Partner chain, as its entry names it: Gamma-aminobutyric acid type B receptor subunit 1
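The data below hold one chain only, encoded as C-alpha cells and taken in the form deposited without the partner chain.
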C-alpha cells in the first residue's frame, strides 16, 4: 500500500501520426529508467507512477489530453514530455496556474526559453539556441572574427539568429552582414558575396538548404576560401531527395560544410547516476526496443526520468526539513507550495547522465553540442562542445579544408589558395 507519485506523460504515441515514433522510440529508455528506480526503491516509501496520455501531435487533442488528465486522472505532481513545438507551447503556457513543473526531452523550440512566459518549463534536450555558444567557440578556435549570417524568415530560425546577437556581446567577432529570405535565398547569397563574406552562419530548413547551396555554386561561394556553418539536424541523405543546379554541383558546394546539433549520447566512458556507462546504457536500450525503432531523444528521455526521480527525492528532503513538515500524500492537489518546492528542487539538478552532465540554467539544458562536417557524400562527426565547461574538442584527423589551411575571414589571404 505504498503511495504513488503520479506524473503526467505527454507525447504523440499513435501510429496515425508521424512524430508518434518518437514517443514509442523513447518508451523503452523510459521503462529501463523506471525499472531501476523501483528495484533500488529510491523513492521509498513512495513509488514513481508515470501515466501516459497521447497528444497525437495536435493542439486541440494535446490540450484535451492535458485537461482530461487533470479532470479525470490522479493528482499529477509534474508533466513529463511535450514533443511537438506548438503543442508544447500551449501546454507550457498554462503550467503556473496549475502549479505543474514540466520536463521535456524533445521540444527544442527556442520559444520555450522565455521564462517570463514559460516559468515552469524545463527540458533535458539542448534547445535550437544551444548551437550559438558552441559556434562562438568554433569561430574563436579558427580565429574567424568576421562572419555573415543567412536566416530564413520563420520564427524557428529568426529566434536562433536573434539569440546569436546576445552571444556575440563583447566578443571580438563582428557580423559584417545580415541577410534574410522567405522563399528565394539567391538575392541574399549574392549580397553576401558582394560584401565579401567568407564565413557564413546559416539558419534555414533542409528544403531551403538545397537552394542555398545551389546559389553558392553559381556564386562560387564554396571551396578553399569559404566556410558554411549550418543546422546539423537534416536527414542523412537530404541532398538525394532533391533545384536549379545539378546534384553534382550541389555536392561540390556542400563539401566541407559544418553542421551543428545536439549530441544524442555522451562519448565519455564514465559511470553515470545509474551506475552504467553511456555505452552500456545504449546496448541495454537496443535490447529492449527489439527493432521497434530508435529515437535520437532516448538518452534525453532516460535522463529525464532520473531528473524527475532526483527532483522528487529533493522535494521530500525540503518538506521533511520544513516547519510544518507536510507529506506529499498530504496534498489533495499540487498546490502553490508543492509546485514551488518541486520547481526549486529541479533547478538544483546536477548529475552525470547518459547525455553528459545534466544541469539546467533558467530551465534550459547545459548539454553537449555535436559538430559535423560534410565529407564526400555524408556528414561526419568532427568534434563536440561542452556547455557546462565551455569546452570545444575537435577530433584529430577529421575536420578538413580544401586549402592547406582554414579559410581567412576575408580577402587578405587569396594568393595562397
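For clarity, a rigid core is taken as the largest C-alpha set superposing within 1.5 Å between two forms. Positions refer to the first chain, counted from 1.
Keep in mind that the form solved in complex with the partner chain is missing from the display, and what follows is about it.
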Inset, instruction - Within 4.5 Å of the partner chain in the deposited bound form, counting heavy atoms only, one of 290-298, 134-142, 93-101, 265-273 shows up; tell me which. - result: 93-101
Inset, instruction - Considering only heavy atoms, tell me if residue 248 and the partner chain come within 4.5 Å of each other in the deposited bound form. - result: no
Legend entry - Heavy atom of residue 59 within 4.5 Å of the partner chain in the deposited bound form: yes
Legend entry - the partner chain contact in the deposited bound form: residue 67, any heavy atom under 4.5 Å: yes
Inset, instruction - Look up in the deposited bound form whether residue 359 has a non-hydrogen atom within 4.5 angstroms of the partner chain, and give yes or no. - result: no
Inset, instruction - Go through 382, 50, 63, 366 and name the one with a heavy atom inside 4.5 Å of the partner chain in the deposited bound form. - result: 63
Legend entry - Only residue that shifts (Cα, 2 Å or more, rigid core superposed) between the shown form and the other one, among 313, 334, 178, 277: 334
